[PDB]
Structures are given as structure tokens and as C-alpha cells.
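Worksheet: one structure, shown below.
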Amino acid sequence: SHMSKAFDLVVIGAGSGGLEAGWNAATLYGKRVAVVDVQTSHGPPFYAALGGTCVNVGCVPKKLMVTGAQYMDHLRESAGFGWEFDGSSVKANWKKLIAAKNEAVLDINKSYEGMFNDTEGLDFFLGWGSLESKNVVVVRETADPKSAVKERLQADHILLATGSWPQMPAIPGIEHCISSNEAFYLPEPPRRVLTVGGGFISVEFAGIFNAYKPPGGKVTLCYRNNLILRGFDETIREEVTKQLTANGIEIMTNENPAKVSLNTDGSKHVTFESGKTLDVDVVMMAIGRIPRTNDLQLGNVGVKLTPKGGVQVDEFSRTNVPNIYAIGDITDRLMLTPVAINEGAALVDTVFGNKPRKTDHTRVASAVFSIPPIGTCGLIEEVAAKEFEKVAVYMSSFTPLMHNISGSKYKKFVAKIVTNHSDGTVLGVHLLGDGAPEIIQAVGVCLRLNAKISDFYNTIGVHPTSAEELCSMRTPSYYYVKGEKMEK
Amino acid sequence: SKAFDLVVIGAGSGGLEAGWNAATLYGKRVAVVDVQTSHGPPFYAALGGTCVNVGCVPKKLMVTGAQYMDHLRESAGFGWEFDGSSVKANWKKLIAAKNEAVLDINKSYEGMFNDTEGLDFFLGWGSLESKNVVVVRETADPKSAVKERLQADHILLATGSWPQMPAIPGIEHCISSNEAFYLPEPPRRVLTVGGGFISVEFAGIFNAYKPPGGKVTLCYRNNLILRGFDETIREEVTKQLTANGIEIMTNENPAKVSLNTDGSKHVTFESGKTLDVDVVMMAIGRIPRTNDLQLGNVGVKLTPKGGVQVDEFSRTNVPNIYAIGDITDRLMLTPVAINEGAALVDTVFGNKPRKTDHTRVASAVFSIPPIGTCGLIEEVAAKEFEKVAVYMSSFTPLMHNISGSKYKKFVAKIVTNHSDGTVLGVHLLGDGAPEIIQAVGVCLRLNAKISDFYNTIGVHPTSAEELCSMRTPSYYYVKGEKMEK
Ligand SMILES: Cc1cc2nc3c(=O)[nH]c(=O)nc-3n(C[C@H](O)[C@H](O)[C@H](O)COP(=O)(O)OP(=O)(O)OC[C@H]3O[C@@H](n4cnc5c(N)ncnc54)[C@H](O)[C@@H]3O)c2cc1C
Ligand SMILES: Cc1cc2nc3c(=O)[nH]c(=O)nc-3n(C[C@H](O)[C@H](O)[C@H](O)COP(=O)(O)OP(=O)(O)OC[C@H]3O[C@@H](n4cnc5c(N)ncnc54)[C@H](O)[C@@H]3O)c2cc1C
Ligand SMILES: COC(=O)CN1C(C)=Nc2ccc(Br)cc2[C@@H]1c1ccccc1
Ligand SMILES: COC(=O)CN1C(C)=Nc2ccc(Br)cc2[C@@H]1c1ccccc1
Ligand SMILES: [Cl-]
Ligand SMILES: [Cl-]
Ligand SMILES: [Cl-]
Ligand SMILES: [Cl-]
Ligand code: NA
Ligand code: NA
Ligand code: NA
């Protein structure tokens, strides 16, 4: 006999949260830390890898792809500013985009491999981790619990940071579908695609495919309810629909796939609940992400799950079992890279540092890299209204000037500030238009600072920008007093 | 004769706000005077002011059109394929395009005049006849035909500013930005003389629209362009403009310009260096526009510098004459004039004294790539506070690894008061900087601490988020001296 490798902390999942935790504990509390993940670089079969979802199959590569997409707009829009070239000569090369995105992701993988190798107290382990018991973490050959054990890891504390995975509805033909995962690796651009879901990934991939589809190509997005983007400011959801339609993407609302069968030429025949049908080369299922709890064998130690099925955790990320924590998408709060980063740091502060700290989950700034994009932070009006007696809304939506010249007149900029009209505290900011995501960041700081609308208007404009619009609104566009919209 | 509550000389940023606010929010009767109704030669500025006619609005659009130079090329990295050899930058098309945008705002501003009760527009040149009387002559010549005398309870000087033309031999062969907005064809060779934003912004505009064998040279008399801006940013913007083909001549200054028979220009510098160019633009400064105002008649006092003298409340030495905007010669910014012009009206036709706050004012340079800035630069803060800390981040973003523009570093710097952690200045370079900085302005109004920044959760992926992920200073200034203690 001989000893198992021993750690202060073992983290399952080398992603947005786990990596911040592992890093913080190794470089700032002098701890020995094990991080398990299922591949060392991006791609099939498991897509996520060293770096996590954000890095291999999320924020980073999609943003490249959305930048890739924006050139369709750019090239068209430049004629207005006098640019001339052979429009007939223009083709959008997917192969070449993917190959770019790929090796860029690979550099991030390779770069984090090197940082493990270079950081004393931080080691990586390739495989599937699970819980044999409350202080033992087994790393196995595959997700199957009968796969050969690779190593047993003795751990004082255990960090569950496995993230989330696409939710695939049980319908006939679901095997004929794909997910965000596979989208990143289509070998050639789909000609007709249907993205299923009215959420941020679907809306996003739609514009991507929209830009890179060949010939008489068509992109259809569908949503089970009236209006895409549940959770976002309601003017934005409408504007963004009209703008997605304008770039030639079509929206199916109050529609939901019920089955998919294969056509004899390999294409996809989709029947919705309503009897309706649609033929596409690809069906991208993007209807929700579910916490990834199944391979962890949490039964072995009895970690309680919420009804929705995420790892239940207190405001400090602790499970019903001492020394086991969870952060990030597996917890089913806000599914965002920076919330997982801020969650892991805080956990490590709490447990290894002198300074206990908990993640603030309100007033989190976020974006949607649609074309144009949304930038948002804080409460939307319909929520604000329920919880505050008097709520004011300030609004503005010129179609901006450059887009009068550029040809895309359909490209509005909406800006919205939602306030507690009783003292003027800004509860929420909601934007759609070019630069929206870049603008919203400091608004985050503003909110954490309890900024009042008076603080917004009293600050002096930067001209000429779209952001200056936010310091020009002084008169409310309308209100809500106890629950009810009014206007005066 | 005609007579009024408020008479405004200059239908510009400051004055048209002043006007409208007095005329609509207070029911007062108002005159506004300008020399032209729409944009362009001969007077360039016109109804709408500098910013609309020959300022922010037109340059923004032209810079937006320059950027497509960068855009068209960077599209390749993302797999866009097209015939590169068929690419032409059509200047006349952009100028025509810019001209209708500007023309339209003019027209609708004249639309606001004919729609609005008790605010009237007057064509011609304004001048102080008497402390209650404004003459509108037909031209700047103070001996020309009177068109109106306007009886003026209160008077407003908002005639803006004008390009400074140094009195060197053959100065007459140079243009300023005014003419630059109207050039019939894009120069093959251009010298922009000046280190400030107007010179820089135009440098890059001509750089994109230059015909095939062309070259944009910029000169500054001192060592580094953009005095007043963050130094890391000045040095970077310099390296990045160089990589995009614009030559920066530092430590050089024109002593004269003489005209060649083919129309071009022979620029001779103090150093004895010479360079031949198609156009010489002069953007070395902008002066108060007070020559034509006939101020002598009442003795409104100007300073040593030449701007009308004013207190915190825009008031001149002469009771009931006031001055806002560029004419006063502080912050030369459209939104500032607009703030000045409206606090004025509130402090004069209402409840509360209101003073425009000149500090911590966010601003931008629309260079390629753009700067956005707010609050103090580090050297100035090391002279007022005892422990200054500098927070720094300078990666070349990934989209630019893929793009081909590996030289496109994003710079993000926070200057702090290290004793309490108050942020005093935030300086940005890179795509988006002018948009990012706006809400930083608000922060700086709410007393933001460096920790108020790191504690806010970032939006990913954005450049902005870098402002929210700096916790350890890169270096310091201790009681004057720079170090990493
Ligand atoms: C398509 C897409 C686009 C997105 N775009 C954005 C965006 O633009 N901005 C933004 O803020 N957020 C975005 N997100 C969200 C962001 O990716 C996630 O919120 C974040 O990556 C998850 O945080 P996490 O800590 O839970 O780590 P994760 O990265 O999700 O998980 C880490 C790792 O756990 C591993 N793992 C799973 N099971 C095991 C096993 N038991 N053993 C070992 N390892 C295991 C996985 O391989 C993975 O590498 C996007 C997400 C997706 C899917
Ligand atoms: C190239 C350039 C780019 C610029 N870019 C920006 C920018 O991006 N952002 C920014 O904030 N600022 C910018 N500015 C500066 C901004 O334009 C000015 O600060 C602003 O317009 C000043 O407003 P004002 O009220 O003082 O008067 P102005 O807007 O300058 O208007 C003064 C008016 O007075 C009129 N006038 C002059 N003499 C008389 C007379 N005797 N009788 C009657 N009328 C008269 C003029 O015709 C003019 O319309 C830029 C300026 C230039 C030159
Ligand atoms: C240069 O600093 C780093 O790149 C190290 N990292 C830090 C500080 N936090 C992370 C958060 C999320 C991810 Br995904 C990656 C990091 C990286 C990192 C690299 C290697 C091992 C752990 C963390
Ligand atoms: C279209 O904007 C308006 O509602 C009227 N304006 C206001 C409120 N402020 C201005 C500040 C600077 C300038 Br330049 C222009 C305006 C316009 C305006 C237009 C015409 C006459 C007076 C004011
Ligand atoms: Cl292709
Ligand atoms: Cl759905
Ligand atoms: Cl041309
Ligand atoms: Cl100079
Ligand atoms: Na190591
Ligand atoms: Na303002
Ligand atoms: Na942060």
C-alpha cells in the first residue's frame, strides 16, 4: 500500500469559477489544489475543457463569431460613407472563421496548461471526477461510474464547479438535433437552420448563421411564447425582434417543436405542436441550460438538490454537507462567467482567507451579442413596479445618425432608466444599440454606488456618443403607481 | 424696432439651449442671431453652431467613414472574401452624404423657430450698440447697413471660437478644419499642423480617404502629441497611428509656406526641413470670437488670453450681459456650453442660482483608435495629492489577434488617491472608449473608490470589464516622485 495524493482543495471542473477558486487558493493562501476536467483542449467529444464553457464553447468563441458576423453589416453599411467595391465578389467563409476561432481557443487552452505547469500548488487531472465520499474525489476514465478509476484524491474541501449543459427536450427525433456545442464545429455553414429558443444563445447564433449562410439561405428562430428574450426590458425585446426581422432572420413565436424526422436527403423535417412544419439543414436546440449534476454521484455523500435540480447552496456557496461547496452554473442562479468568477473568489476568501464574503447577485450587468446588441443592468420595469410604490421610467429612441447615412435606418438605439420615483434611485438601465454592452459596464458601478437619476442627468454629456443620451433624460416618459402604469 | 426678454448673439450649442429654455420653460420672448441659416462656405458655422455645422457632428460621420478602411481589411481574418483591388474610398460621396445630414439639422432647427412661439431667428451680424441694444448688420463690417436694432433686457454672448492661424509668411496658403469639411477632392498629400484632437482626428480621416500613392503627415512643435491627455495613451496613439501609415513629425514647426505653380504647398520648418504637400491644415488652437462683437462700445472685459471674462455664473463685468461657451475660453465642449447656457437661464429666469461644474468632465478624441477620458491625468494628480496610485492594463484584444491589427492595444488606466482610494481620473484608448467613459463620469460624481470598481462584476466579453478587474497598482507617485513602493 501507498498514499493517495492529498489536497486542501479539490475542484471538479476547470472552468470559469473553479479556475478562479483554484488559482486564488494556490497563489494567495499557499494551498495545494487539485483541478479535474475532462479534456485539456477544446472540442468534440466533450466540447468543454481546461478553461471551461466560456472559453471553449461560450463567451469567447461566440464573440469572435459575432464579430465575424458584423462584417455583413459593415460591408453593406460602408457605401453610405462612400466605400466602393465589387459587391458581387463577396463571400463569407465559415471554414476559415471556425479555423480562426479554433486556434485562438487552443492558445487559451495551451496557455492555461502552461500556467498549471508553472504554478506550484496547482495541478490538473484529466478525467471524470465524482464523489466516493465526503473527502475522497475519484477521477475516472469516463462518465460511466464503472470506468476504470484513474486516481483517488484525498481532499479537505471539495468544490463542485462542473457548470451546465444544453437541455434537450424528450421529443421524437431529438437525436436529429444539435446544440450550441456542435454549432461551434459545423464543418460548413448550414443553409437553412432553425434555432430553438428565444434566449440569449439562440438570438446570438441566429445572427451568426445569418451572416455566414450560403446562396438562398434562410435562418429561422422559434420560441414557445409571444415574445423572445423573457427577462429583458420589454421595449428591447420588441425592438430586437423587429431588427432581427430586418436583417432577414424570421421569428416564430407561440411555436414549439414536437418532433423531428430525417428527410431522405439528410435534411430535417420539423413538426411543431400547432401542426406547422419546417425543413432545415440543422436544428439547433437552445431552450435552456441545466445544471450538470449527474456524473458527480452526489448520492454517495448526500448533497441536496433544489427542485429545479441545481446544487442547493447558501449565500456562501456551501451545501448541506460541510467541506463541499458549489459555485457557478451548477448552482442555477445567474448563469454568467463573471458571477462564477466572483463566486469562486468569495468562497476561497470565505474558507481560506480572513475575509468572509458573499456574492452580490443583484445589479449584475450583462449583455446579448445580437446585432445590434443589448446592455443591461438592474431591474426591468415590470419587476420594479411590483416591489416599489412609485416607479418612474425614462426613455429615448432615436434611430441614430450614422445609420441614417449607412442605410440601416431600422437600427434604433433604445435607452431606458428605471427609478424608484420616491427618492430617484436608479433601479435599472436597459440599452439596445451599437456599443450597448461596452456602455453598460460603468452603469454597474453607478448602481453599486446608489446613483440617482439626478446623478445621471447632472453629469455632463460626451458628445457625440449614444451613451450621452443617458445623461440627458430628465423628464419621466411614464410611471407606475401601486402596480399600475400611468403616465402623468 | 423690435424688443425682447433675451437676445442671444450666436445660434449655437450654448445659445440655442439658452434660447429654447428661456423661451419655452419660462415663457419669455427671445431673439437669436446668426450669420447664416445652413452650413458651409462662406461662414461655415451657421444656425446650429460649430458642433452641428463644422464640428462634432460632421467629423464624427467622416471618422465613422474613415474606420471602414480598418474594417474592410480586418474582415479577412474572419473569413470575408472579396476583390481587394476593386476597393476605392470615394471622398465626394461622403462629403455629399455629410452635407445632407448637416443640411437636415439646419432645416429642422429653422423648423423649430417657425414652430416655437416667442423665440425668433435673425439673419446677420450681431454687435453691442448699447447695453440694451443689439445691432444686426448685414456683414461683419461694423459700418455696414443696419438690418435690425433689438432692444434687449438681457444679453447673451455665445459666438463661439475660431481657428487660430499663426502669423507666418504664406499662412494664406493654409486651410483650417472649416475648409477641410469642404475640400472637393481628398488630398494625396496632407500636413496637419497641431498636436490636439482636431489635428489628430483629421489626420486619420484623410488617411483612409487618400488616393493611391498618398501620405498624411502630422506635425507638433513639441515632443509628444496630445498635451493634456494621459501619457501612456499619447505614446500609444502615436505608435498606432504610425502603424496605420500616418507619419508623425515631432519637434517640428512651420516657419513659412509658399505656393508652387501646380497648386501644391512648400512647407519650410524652423529646423530647415521642407516637405511638399497638396494641403496644409491648421489645427493649432481655437480662439475666442470677439473681434466682430464691438465689445468696445460697452467695455466688456476680456482676459490676457482673449476670452470674455466671466465669474462662476457666466456674468460679465457689465450688469445684464453674460457669456457662455467657447467665447469664455475654458472647456471647449458642446455639452459644456449646453450646460452653461441652461444654468444661466435658470439662474436668471427662476428660482435657483445654478453654476456649471467644470471639473471631472468626460470627453473623447475620435482618433483611430479613439480616446475617452475623464478627470485628472497622473502627472497633475501627483502634484495635488500625496499618495497617488496608477492602475493599468494594456493587452491587445483577441478580436485583433484574428483581425491582423496586432498593434491595436486597448489601454485602461485608473488614477487614484491612494490614501482613501478615491478615483480621480480614468483614461481609455481602444474601440469603444468614448462610449465607455460616459457612465464613468457619473461614477466620478458619486465619489467612486477604486474598490467601488473592482467589486462590481464585469460584463464579459467587453473591453470595459478591465475597469472592473484592477485591484493592485502598477506603480505610484509618492509626494511627487514616481515609484513602485
Ligand atoms: C454558448 C454559450 C455562450 C455564452 N456566452 C456568454 C457571454 O457572452 N458572457 C457571459 O458572461 N457568459 C456567457 N456564457 C455563460 C458562461 O459560459 C458560463 O456561465 C460559465 O462558463 C460557467 O461557469 P462555471 O463556473 O459553472 O464553469 P463551466 O465552465 O461551465 O464548467 C467548467 C468545466 O466543468 C467540466 N466538467 C463537467 N463535468 C465534469 C466532471 N465531473 N469532471 C471534471 N470536469 C467536469 C466541463 O468540462 C467544464 O470544462 C455562455 C454560455 C454558453 C453555453
Ligand atoms: C473640428 C471640430 C470638432 C469638434 N468636435 C467636438 C466634439 O466631438 N465634442 C464636443 O463636445 N465638442 C467638439 N467641438 C467643439 C464644439 O463644437 C464647441 O465647443 C461648441 O460648438 C461651442 O458652442 P458655443 O455655444 O460656444 O457656440 P458655437 O456652437 O460655436 O456657435 C456660435 C455661433 O455664433 C455665430 N456667430 C459668430 N459671430 C456672430 C455674430 N457676430 N453675430 C451673430 N452670430 C455670430 C456662429 O456663426 C455660430 O453659429 C469640435 C470643434 C471643431 C472645430
Ligand atoms: C494571468 O492570470 C491568469 O491568467 C490566471 N487565471 C486567473 C487569475 N483566473 C481565472 C479565472 C477563470 C479562468 Br477560465 C481562467 C483563469 C486563469 C487561470 C489559469 C490557469 C489556472 C487557473 C486559473
Ligand atoms: C431637438 O432638440 C430640441 O428639442 C430643441 N433644442 C434644444 C432643447 N437644445 C439645443 C441645444 C443646442 C443646439 Br445646437 C440645439 C438645441 C435645440 C434647438 C433647436 C432650435 C432652436 C433652439 C434650440
Ligand atoms: Cl465556407
Ligand atoms: Cl422554446
Ligand atoms: Cl474621391
Ligand atoms: Cl504645433
Ligand atoms: Na503545478
Ligand atoms: Na447632462
Ligand atoms: Na469584478
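Residue names in the C-alpha cells use chain letters A, B, ... in the order shown, residue numbers from 1 in each chain, and ligand numbers from 1 in the order shown.
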
Self-check item: Contacts with ligand 7 at most 8 Å, only C-alpha atoms and all ligand atoms counted, listed as an MDAnalysis selection string
Solution: chainID B and resid 89:93 185:186 209 211

Taking only C-alpha atoms and all ligand atoms into account, produce a table as JSON lines in which each residue of chain B with an atom at most 7 Å from an atom of ligand 11 appears once, together with its shortest atom pair and the distance in Å to one decimal, ordered by chain and rising number.
{"residue": "B:454", "atom": "CA", "partner": "ligand 11", "partner_atom_place_in_ligand_line": "1 (Na)", "distance": 4.5}
{"residue": "B:455", "atom": "CA", "partner": "ligand 11", "partner_atom_place_in_ligand_line": "1 (Na)", "distance": 4.9}
{"residue": "B:456", "atom": "CA", "partner": "ligand 11", "partner_atom_place_in_ligand_line": "1 (Na)", "distance": 4.8}
{"residue": "B:457", "atom": "CA", "partner": "ligand 11", "partner_atom_place_in_ligand_line": "1 (Na)", "distance": 4.1}
{"residue": "B:458", "atom": "CA", "partner": "ligand 11", "partner_atom_place_in_ligand_line": "1 (Na)", "distance": 5.3}
{"residue": "B:468", "atom": "CA", "partner": "ligand 11", "partner_atom_place_in_ligand_line": "1 (Na)", "distance": 4.9}
{"residue": "B:469", "atom": "CA", "partner": "ligand 11", "partner_atom_place_in_ligand_line": "1 (Na)", "distance": 5.1}

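For segment 306-314 of chain A, the residues within 7 Å (counting only C-alpha atoms, excluding itself and residues fewer than 2 positions away along the chain) are residues 291, 304, 316, 317, 318, 319, 326, 330, 331 and 332 of chain A.
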
Quiz item: Mind listing the residues within 7 Å of ligand 5, only C-alpha atoms and all ligand atoms counted, as a PyMOL selection string?
Solution: chain A and resi 92-96+188-189

Quiz item: Out of A:12, A:471, A:486, A:105, which residue has the shortest atom-to-atom distance to ligand 10 when counting only C-alpha atoms and all ligand atoms?
Solution: A:471

What are the closest atom pairs, with distances in Å to one decimal, for all residues of chain A lying within 7 Å of ligand 10? Consider only C-alpha atoms and all ligand atoms, order rows by chain and residue number, and present the result as CSV.
residue,atom,partner,partner_atom_place_in_ligand_line,distance
A:457,CA,ligand 10,1 (Na),4.5
A:458,CA,ligand 10,1 (Na),5.0
A:459,CA,ligand 10,1 (Na),4.8
A:460,CA,ligand 10,1 (Na),4.0
A:461,CA,ligand 10,1 (Na),5.0
A:471,CA,ligand 10,1 (Na),4.5
A:472,CA,ligand 10,1 (Na),5.0

Practice problem: Taking the chain letters and numbering used in this document, name the residues of segment 336-445 of chain B that DSSP puts in strand (DSSP E), as a PyMOL selection string. | Solution: chain B and resi 363-365+371-375+387-393+411-417+423-429

Self-check item: Distance filter 9 Å around ligand 8, atoms: only C-alpha atoms and all ligand atoms, out as a PyMOL selection string
Solution: chain B and resi 193-196+219-222+225+250-254+282-285

Restrict the selected residues to N, CA and C atoms and save them as an mmCIF file, in the first residue's frame.
data_model
loop_
_atom_site.group_PDB
_atom_site.id
_atom_site.type_symbol
_atom_site.label_atom_id
_atom_site.label_comp_id
_atom_site.auth_asym_id
_atom_site.auth_seq_id
_atom_site.Cartn_x
_atom_site.Cartn_y
_atom_site.Cartn_z
ATOM 1 N N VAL B 193 -1.233 70.411 -39.062
ATOM 2 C CA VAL B 193 -0.306 71.077 -38.132
ATOM 3 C C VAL B 193 -0.988 71.233 -36.803
ATOM 4 N N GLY B 194 -0.495 70.532 -35.797
ATOM 5 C CA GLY B 194 -1.117 70.604 -34.491
ATOM 6 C C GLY B 194 -1.047 69.295 -33.749
ATOM 7 N N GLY B 195 -1.123 69.362 -32.429
ATOM 8 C CA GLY B 195 -0.995 68.127 -31.663
ATOM 9 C C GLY B 195 -2.291 67.687 -31.020
ATOM 10 N N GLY B 196 -3.313 68.528 -31.137
ATOM 11 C CA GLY B 196 -4.557 68.322 -30.429
ATOM 12 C C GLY B 196 -5.568 67.504 -31.215
ATOM 13 N N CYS B 219 2.361 67.344 -37.887
ATOM 14 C CA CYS B 219 3.439 67.900 -37.085
ATOM 15 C C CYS B 219 2.996 68.552 -35.759
ATOM 16 N N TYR B 220 3.856 68.408 -34.764
ATOM 17 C CA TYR B 220 3.680 69.062 -33.490
ATOM 18 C C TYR B 220 5.043 69.682 -33.079
ATOM 19 N N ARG B 221 5.008 70.869 -32.457
ATOM 20 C CA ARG B 221 6.231 71.627 -32.143
ATOM 21 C C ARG B 221 6.966 71.015 -30.971
ATOM 22 N N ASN B 222 6.233 70.241 -30.177
ATOM 23 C CA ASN B 222 6.798 69.578 -29.020
ATOM 24 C C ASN B 222 6.940 68.075 -29.244
ATOM 25 N N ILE B 225 2.449 64.261 -28.982
ATOM 26 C CA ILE B 225 1.194 64.902 -29.362
ATOM 27 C C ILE B 225 0.220 64.805 -28.195
ATOM 28 N N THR B 250 7.481 65.050 -35.013
ATOM 29 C CA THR B 250 7.552 65.779 -33.728
ATOM 30 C C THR B 250 8.739 66.726 -33.699
ATOM 31 N N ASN B 251 8.710 67.704 -32.810
ATOM 32 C CA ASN B 251 9.832 68.662 -32.672
ATOM 33 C C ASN B 251 10.058 69.492 -33.938
ATOM 34 N N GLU B 252 8.960 69.740 -34.654
ATOM 35 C CA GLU B 252 8.982 70.417 -35.948
ATOM 36 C C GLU B 252 7.836 71.419 -36.054
ATOM 37 N N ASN B 253 8.045 72.532 -36.741
ATOM 38 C CA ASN B 253 7.068 73.602 -36.765
ATOM 39 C C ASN B 253 7.232 74.461 -38.018
ATOM 40 N N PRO B 254 6.110 74.815 -38.662
ATOM 41 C CA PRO B 254 6.293 75.529 -39.920
ATOM 42 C C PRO B 254 6.670 77.002 -39.740
ATOM 43 N N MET B 282 -4.507 73.667 -40.620
ATOM 44 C CA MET B 282 -4.029 74.270 -39.369
ATOM 45 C C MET B 282 -5.057 74.083 -38.264
ATOM 46 N N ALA B 283 -4.652 73.271 -37.304
ATOM 47 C CA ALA B 283 -5.425 72.969 -36.112
ATOM 48 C C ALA B 283 -4.531 73.127 -34.874
ATOM 49 N N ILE B 284 -3.905 74.292 -34.756
ATOM 50 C CA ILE B 284 -3.049 74.565 -33.603
ATOM 51 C C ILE B 284 -3.729 75.214 -32.391
ATOM 52 N N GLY B 285 -5.028 75.421 -32.473
ATOM 53 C CA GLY B 285 -5.753 76.060 -31.412
ATOM 54 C C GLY B 285 -7.004 76.753 -31.905
#

Exercise. Just the residues within 9 Å of residue 466 of chain A, please, counting only C-alpha atoms, with nothing from its chain fewer than 6 positions along; format it as an MDAnalysis selection string.
Key: (chainID A and resid 400 413 415 433:436 439) or (chainID B and resid 435)

Quiz prompt | Selection: 8 Å around residue 34 of chain A, only C-alpha atoms, excl. self and same-chain fewer than 5 positions, as an MDAnalysis selection string | solution = chainID A and resid 7 9:11 22 122:125

Self-check item: Shell of 10 Å around segment 131-141 of chain A, only C-alpha atoms, local chain residues under 4 positions omitted, as a ChimeraX atom specification
Solution: /A:4,6-7,9-12,34,36-38,125-127,145-158,160,295-303,321-324

Exercise. To one decimal in Å, tell me the separation between atom 5 (C, counted along the ligand's line) of ligand 4 and atom CA of residue 105 of chain B.
Key: 10.7 Å

Practice problem: Please check which protein, DNA or RNA residues sit within 6 Å of ligand 1, counting only C-alpha atoms and all ligand atoms, and write them as number ranges by chain. | Solution: A: 12-18, 36-38, 48-50, 52-54, 57-59, 128-130, 161-164, 180, 201, 295-296, 328-330, 335-338, 340; B: 460-461

Exercise. For residue 438 of chain B, work out the shell of residues within 7 Å, counting only C-alpha atoms and skipping chain neighbours fewer than 6 positions away, then give it as a PyMOL selection string.
Key: (chain A and resi 462+467-468) or (chain B and resi 362)

Exercise. Identify, counting only C-alpha atoms and all ligand atoms, the protein, DNA and RNA residues located within 8 Å of ligand 6, and give them as a VMD selection string.
Key: chain A and resid 196 to 198 222 to 225 255 to 256 286 to 287

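With only C-alpha atoms as the basis for measurement, B:188 is the residue among B:188, B:238, B:245, B:342 that approaches residue 276 of chain B most closely.
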
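Proximity ranking of B:363, B:377, B:382, B:294 relative to residue 227 of chain B places B:377 first, based on only C-alpha atoms.
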
Practice problem: Check which residues fall inside 10 Å of ligand 4 when counting only C-alpha atoms and all ligand atoms, and print them as number ranges by chain. | Solution: B: 10-21, 23-24, 32, 46-53, 105-116, 119-121, 334-335, 337-339, 341-342
